[PDB]
Structures are given as C-alpha cells and as structure tokens.
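Below is one structure, written out as structure tokens; comments come after it.
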Ligand SMILES: O=C(c1cncc(Cl)c1)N1CCCN(Cc2ccccc2Cl)CC1
Ligand SMILES: O=C(c1cncc(Cl)c1)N1CCCN(Cc2ccccc2Cl)CC1
Ligand SMILES: [Br-]
Ligand SMILES: [Br-]
Ligand SMILES: [Cl-]
Ligand SMILES: [Cl-]
Ligand code: NA
C-alpha cells in the first residue's frame with residue numbers, strides 16, 4: 001500500500017552526466033557513446049541571448065573551445081555540430097557507462113523522471129509531467145541547463161527532455177534529445193510566456209482508480225455520464241478534454257476495479273462540484289494530475305483492496 | 001525556481017541491491033563489501049511468523065540454506081549471523097560497487113530517500129519522512145522487504161532504514177541497518193498498529209520558508225509570537241512542540257529570507273486557526289511537513 005511520486009532509479013543516467021564549458025559558460029551535458037549532447041545556448045554570452053544567430057556564433061568556435069569534464073577526467077572534443085537547439089560534441093572516448101537507451105518525444109500528459117544536475121554532478125531526482133501548455137513544473141536553479149528527463153521502463157532509458165530555461169512564471173521549458181522544443185518556446189530571450197495551463201484529466205482519473213485499488217471509494221456516486229457531457233463540464237474547470245484514446249488507456253484500471261470509465265468520470269464531475277469536504281485522497285487535498293494510467297499500473301498492486 | 005519532493009540520486013545504492021532467498025522466501029538485501037544485510041524474517045515460513053524464536057530458527061540454518069543473487073551472478077554464502085532484526089550473510093565476493101557509507105539511525109522528523117526494490121532489482125525512488133509515530137508513509141508491495149532508505153552527503157551514503165513490514169493502516173515499519181526497529185514494532189505476525197501521529201512543526205516552518213523563497217508570501221503578517229504561546233497552539237492542533245533547537249536549525253532559512261522564526265510562527269499560528277481561505281502554498285492545500293530545513297536549503301541552493 002501507499003502511493004508516492006515515484007521516480008525511476010537514476011543511476012543509469014547519473015553515469016552519463018558531464019560538465020560542458022564554452023568560454024565563461026558552464027552547463028551540463030549528456031554523454032552517450034562518443035557524443036555529448038547539451039543546449040546550444042552554451043555558446044552564447046548574456047548579450048547574445050536577445051537575438052543570437054547560432055550559425056554565426058558556432059562557426060567562430062573550434063573543437064578546443066569546448067571543455068568537457070566527466071568526473072575528474074577531461075574528454076577531448078573531436079567534432080561538433082548543431083541539431084535544432086542541441087549541440088552534439090563528438091569526443092574521443094565512448095562512455096563506458098552508456099546504458100541501453102533511446103530518444104522519445106513525448107506528448108502532453110506524459111510523465112518522466114528528472115535528474116537535476118549542476119556542474120555535471122547530480123543533485124536530486126523527482127517526477128514531472130509535460131503540461132498541456134508544454135512547460136514542466138520542475139525545480140531548477142542557475143546552472144541546471146542540460147539536466148535531462150527520462151523513463152526507464154524495461155531496462156532501457158528513454159530520454160525525453162533536456163532543460164533549457166525558466167519562464168517568467170517559474171515553470172520550465174526545454175527540448176527533446178533531437179533539440180526540438182516542446183511548445184512554441186525558443187532559445188532566445190523573447191517575451192514568451194507559458195499559455196494558460198489546464199489539468200490533465202486522464203491522469204486525474206487514473207489517480208482516482210489508484211485510490212480505489214488502494215481501498216477507498218467514498219467519492220464514487222450512482223451516476224454515469226456521456227463522454228460529451230463530461231467534457232462540457234470538465235472544460236468549465238479548465239480540465240483537458242477526455243478523448244476515446246484516454247478512455248481506452250484507462251481500460252485496465254477500469255477492469256481491475258470494476259468501475260466503468262464513464263462512471264469514474266461521473267465521480268470526477270461530482271468532486272469538481274463538491275470538493276473533498278475535509279477528506280483527502282491518497283494523502284492529497286487537491287485532485288492530482290501528474291500520475292498517468294501507466295504510472296498507476298507501475299506502482300499499484302494488481303489486486304484491489306475490496 | 002520551483003519546489004518538488006526531491007530524492008537523492010540513487011545510483012550508489014542501486015549497485016548494492018541483491019536478491020536473498022531462504023527456502024521459498026525471497027526478498028532484497030544490501031551488499032556492502034563482503035556482507036549482505038537483509039531482514040531476519042527471511043528465515044521464517046508463514047507459520048513461523050506467528051511466534052518465531054529467531055535464535056532457534058537460525059540455529060537450524062546453515063550457509064547453504066541462503067541463496068544470494070546479484071544480477072545474473074550467484075554469490076556463495078560463507079557465514080551468517082544476526083544483529084538485532086537484521087541477518088548478515090558473509091559472501092565470497094566483495095561488492096566492487098560498494099560506495100563510501102555509514103549506518104546512521106535517524107530521529108522522527110528526518111527525511112530520507114527510499115529505493116523500492118523487488119527481486120533484488122530497483123524499481124523506484126521516492127522521498128519519505130520518519131513520522132513522529134515512527135512509521136513511514138512509503139509505497140511498498142509484496143516482495144519489497146529489504147528495500148532501504150538513505151541520505152547522501154558529498155560521496156557518503158548514510159543508510160538509515162531497511163523495510164520490514166506494512167501495518168494495517170497501510171503505513172510501513174522497519175529498522176536501522178543495525179537491525180533496531182524504529183517504533184514499538186516487532187517482526188512477528190501479531191496485532192500491531194500505528195499510534196496517533198502528529199505533524200512535524202519544524203518541517204512545516206521550513207516549507208513556509210521555501211514558499212517565501214519561491215515568492216508565495218500571502219500568509220505573512222505583522223505579528224510575532226513567543227515560543228510558549230506558539231506551543232500552546234501547536235498542542236491544540238496536534239503539532240509537535242517547537243524547541244529552541246528547532247529555532248536554531250531554522251537559522252539558515254531565517255537568514256536567507258530575513259524572516260525571524262517567531263515571525264513565521266505567527267503566520268503558522270494564523271494558518272492553523274483560520275485555514276488557507278481557499279488559497280494554496282507551493283501548490284498545496286495542506287501544510288506540508290516532509291521537508292526538513294536542510295532539504296529546503298539543499299534544493300534552493302543546488303547542492304550536489
Ligand atoms: O541556468 C539557467 C537557469 C535554468 N533554469 C532555471 C533557472 Cl532559475 C536558471 N539559465 C542560465 C542562462 C541561460 N538561460 C537560457 C535562456 C534564457 C531565457 C530564454 C531562453 C533561454 Cl535558452 C537560462 C537560464
Ligand atoms: O513483502 C511484504 C510486504 C512489505 N511491505 C508491504 C507489503 Cl503490502 C508487503 N511482506 C512479505 C511477508 C513478510 N512480512 C513480515 C511481517 C508481517 C507482519 C508483521 C511483521 C512482519 Cl516482519 C511482511 C509483508
Ligand atoms: Br504582535
Ligand atoms: Br494538497
Ligand atoms: Cl510524494
Ligand atoms: Cl521503452
Ligand atoms: Na508575522
């Protein structure tokens with residue numbers, strides 16, 4: 001029993017973190033095989049950030065303008081290239097600790113673990129979700145760029161996020177490992193701002209299924225709903241629309257608990273209307289939306305406490 | 001900016017997890033140098049758990065009764081002994097991945113990271129606090145015994161918890177790595193229950209300082225209080241008493257924000273008496289108590 005924001009064990013990623021320096025700027029890089037990946041903004045000064053021309057900034061650099069440090073060892077850069085907003089530094093040594101990995105671009109609502117790093121050294125690990133507005137609510141300070149997000153389902157690390165910056169509301173923006181930003185964000189100091197965020201409905205439903213698996217049903221009711229009437233209500237509380245794909249993904253949790261998805265939707269409609277009335281669900285006084293259906297299956301028992 | 005429940009990176013501990021089997025029972029063990037540590041209840045059948053005489057059950061076991069697997073490698077057991085509620089299996093191979101470590105016993109209110117494991121394989125990491133009632137609100141299923149809790153300082157892992165059991169309310173109990181239980185719990189299938197818990201006041205104050213650092217200041221006010229008047233309110237609301245040592249431990253956060261601890265106590269007193277009036281602090285509608293003052297400094301200063 002229990003239910004916690006559970007990250008993946010971070011060791012396979014810790015062994016890939018390095019420090020990258022270009023001039024006076026230092027940030028983190030990810031060392032996989034003979035390539036170190038990092039935000040291309042490592043080649044900018046603070047002044048360059050208003051309107052950088054990265055092609056022009058990069059042509060002016062040699063391989064030896066990049067210093068890469070892995071623990072106490074300097075790696076020699078032997079090539080460089082830019083792919084979208086990531087810089088790829090080829091080094092003379094393949095990382096002997098490279099795990100089995102892949103790169104995956106995720107969709108809004110998906111979760112991942114973040115290994116926050118500073119100066120190439122890991123500081124901590126926590127879970128995040130890609131918000132519907134393409135930001136993440138992380139915990140990052142100056143020096144954290146280049147920290148990555150990943151999942152490790154089945155011994156393969158799937159890297160899905162690299163940190164590039166903090167927006168004015170204190171939320172975070174970054175790219176996939178091919179250097180494409182999530183959302184409309186750019187690696188330039190523009191007036192970009194996080195759009196209005198919404199709640200990840202399918203994840204709130206998955207977390208209510210977790211609460212039923214763990215033994216609580218107080219929030220259920222005798223009603224059902226159509227999918228369209230549920231979306232018309234949910235959108236008034238700034239919840240994302242629930243699609244038939246989301247209903248399908250909740251199928252295994254519905255089967256384990258015997259609660260039809262549209263009947264859990266009716267329970268959520270009533271929780272939005274009433275609140276908790278001084279109760280909590282899985283230790284929370286608010287509806288949680290950063291556990292996916294897959295995350296609930298990963299953590300909960302496969303037997304419901306009936 | 002931002003404030004998350006953050007665990008320590010778990011790699012140094014992952015390299016120490018192994019599977020221990022005794023008869024039909026399999027659980028996790030911690031392999032440091034040439035010793036594997038695990039709960040002593042690994043030697044019990046379900047029937048033995050009702051009234052185990054561990055000395056007698058262990059006297060009936062020899063080295064060959066224990067199978068230890070580290071990944072795909074079988075480690076041969078060459079000695080065994082118990083220390084309190086932990087079994088120590090001496091193995092023929094020293095763990096080449098043993099980190100610098102210590103065994104430390106923590107106090108209620110302190111936090112730590114848990115590496116949940118099953119079949120010797122790490123599955124997940126999360127942050128927990130030792131509650132005032134000596135339980136932990138973990139997340140564990142069958143097969144998780146032997147999972148450990150730890151903190152890291154520089155390169156040294158301080159192991160502080162080994163998982164033994166779940167209580168009827170779904171919370172967890174276990175020992176330090178010397179096998180001494182936290183709380184009045186025993187490794188026997190007999191009636192046991194978590195006692196009434198209380199809220200860790202010093203941690204709620206640390207989290208209010210984290211909220212101010214992150215720009216959430218609505219709960220600040222012109223008032224101050226005294227330690228005695230504040231403690232009368234803490235007692236009424238089932239909060240732990242605040243001591244002068246807690247005021248001193250909050251010193252660095254008080255210096256960083258410029259807010260005296262008794263000034264923040266007056267804010268907490270008003271939140272206890274009035275609620276949040278529909279507002280949230282750091283995204284929470286509850287007063288969070290599983291961040292210590294050091295956890296806030298660690299996260300708000302980027303310690304690696
Ligand atoms: O280390 C951090 C940082 C990360 N995360 C959080 C915090 Cl509080 C600081 N930096 C360091 C300088 C680099 N810029 C890049 C940039 C700023 C604004 C628009 C776009 C871009 Cl790409 C990011 C800021
Ligand atoms: O794997 C788990 C487990 C751990 N954590 C959570 C859950 Cl849901 C199961 N087991 C496995 C059998 C062993 N007993 C030992 C024991 C039971 C009752 C009183 C005291 C003791 Cl020490 C613990 C239960
Ligand atoms: Br006053
Ligand atoms: Br909450
Ligand atoms: Cl949590
Ligand atoms: Cl995968
Ligand atoms: Na005040």
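Residue numbers (PDB author numbering), protein chains in the order written: chain A, 1 to 306; chain B, 1 to 304.
Cβ atoms here follow ideal geometry from the backbone N, Cα and C, with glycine treated the same way.
Short CB-CB distance (under 8 Å) between residue i and chain B
i                     : result
residue 162 (chain A) : no
residue 290 (chain A) : no
residue 299 (chain A) : yes
residue 137 (chain A) : yes
residue 4 (chain A)   : yes
residue 182 (chain A) : no
residue 126 (chain A) : yes
residue 170 (chain A) : yes
residue 166 (chain A) : yes
Residue i beta carbon near ligand 4 (any heavy atom closer than 7 Å)
i                     : result
residue 210 (chain A) : no
residue 282 (chain B) : no
Pairwise C-alpha distance: residue j and residue i
i                     : j                     : result
residue 169 (chain B) : residue 2 (chain A)   : 10 Å
residue 262 (chain B) : residue 206 (chain B) : 13 Å
residue 308 (chain A) : residue 80 (chain A)  : Past the boundaries of the shown model lies residue 308 (chain A); chain A is included only from 1 to 306, so the question cannot be answered.
residue 54 (chain B)  : residue 82 (chain B)  : 9 Å
residue 294 (chain B) : residue 129 (chain B) : 13 Å
residue 35 (chain B)  : residue 255 (chain B) : 44 Å
residue 253 (chain B) : residue 297 (chain B) : 7 Å
residue 266 (chain B) : residue 193 (chain A) : 36 Å
residue 107 (chain B) : residue 250 (chain B) : 17 Å
residue 278 (chain A) : residue 217 (chain A) : 15 Å
residue 163 (chain B) : residue 146 (chain B) : 5 Å
residue 152 (chain A) : residue 161 (chain A) : 13 Å
residue 131 (chain B) : residue 244 (chain A) : 42 Å
residue 280 (chain B) : residue 246 (chain B) : 25 Å
residue 135 (chain A) : residue 150 (chain B) : 31 Å
residue 270 (chain B) : residue 275 (chain A) : 23 Å
residue 142 (chain B) : residue 195 (chain A) : 43 Å
residue 126 (chain A) : residue 60 (chain B)  : 45 Å
residue 71 (chain B)  : residue 198 (chain A) : 43 Å
residue 215 (chain A) : residue 272 (chain B) : 29 Å
residue 237 (chain A) : residue 268 (chain A) : 11 Å
Chain-ordered neighbours of residue i on chain A, where CB pairs are closer than 8 Å
i                     : result
residue 217 (chain B) : Here the premise fails: no neighbours, minimum Cβ distance about 14 Å.
residue 314 (chain B) : This structure cannot speak to residue 314 (chain B), because chain B is shown only from 1 to 304.
Residue i beta carbon near ligand 5 (any heavy atom closer than 7 Å)
i                   : result
residue 5 (chain A) : yes
Closer than 8 Å to chain A by CB, residue i
i                     : result
residue 7 (chain B)   : yes
residue 37 (chain B)  : no
residue 10 (chain B)  : yes
residue 143 (chain B) : no
residue 274 (chain B) : no
residue 214 (chain B) : yes
residue 178 (chain B) : no
Residue i Cβ short of 7 Å to ligand 1 heavy atom set
i                     : result
residue 112 (chain B) : no
residue 301 (chain B) : no
residue 53 (chain A)  : no
residue 16 (chain B)  : no
residue 235 (chain B) : no
residue 47 (chain A)  : no
residue 84 (chain A)  : no
Interface residues of chain B facing residue i [CB-CB closer than 8 Å]
i                     : result
residue 285 (chain A) : 284, 285 and 286
Contact test: residue i Cβ vs ligand 3 heavy atom, cutoff 7 Å
i                     : result
residue 223 (chain B) : yes
Ligand 6 heavy atom lying under 7 Å from the CB of residue i
i                     : result
residue 158 (chain A) : yes
Neighbouring residues, chain A, relative to residue i (Cβ below 7 Å)
i                     : result
residue 140 (chain B) : 2
Any non-hydrogen atom of ligand 7 closer than 7 Å to residue i Cβ
i                     : result
residue 255 (chain A) : no
residue 271 (chain B) : no
Chain-ordered chain B contacts of residue i [CB-CB under 9 Å]
i                    : result
residue 55 (chain A) : Neighbours of residue 55 (chain A) on chain B: none; closest Cβ ~32 Å, over 9 Å.
Contacts that residue i makes with chain A (C-beta to C-beta distance below 9 Å)
i                    : result
residue 15 (chain B) : 11
Meets three-Cβ-pair contact criterion under 8 Å: the region 154 to 168 of chain A and the region 42 to 49 of chain A: no
Touching by the beta-carbon criterion (3+ pairs, under 8 Å), the region 118 to 126 of chain B and the region 93 to 100 of chain B: no
Three-pair Cβ contact test at 8 Å for the region 218 to 236 of chain A versus the region 169 to 180 of chain A: no
Stretch-stretch touch, CB-based, cutoff 8 Å, three pairs: the region 277 to 291 of chain A with the region 192 to 207 of chain A: yes
At least three beta-carbon pairs within less than 8 Å, the region 57 to 71 of chain B to the region 108 to 116 of chain B: no
Stretch pair the region 5 to 18 of chain B + the region 8 to 21 of chain A: three plus CB contacts closer than 8 Å: yes
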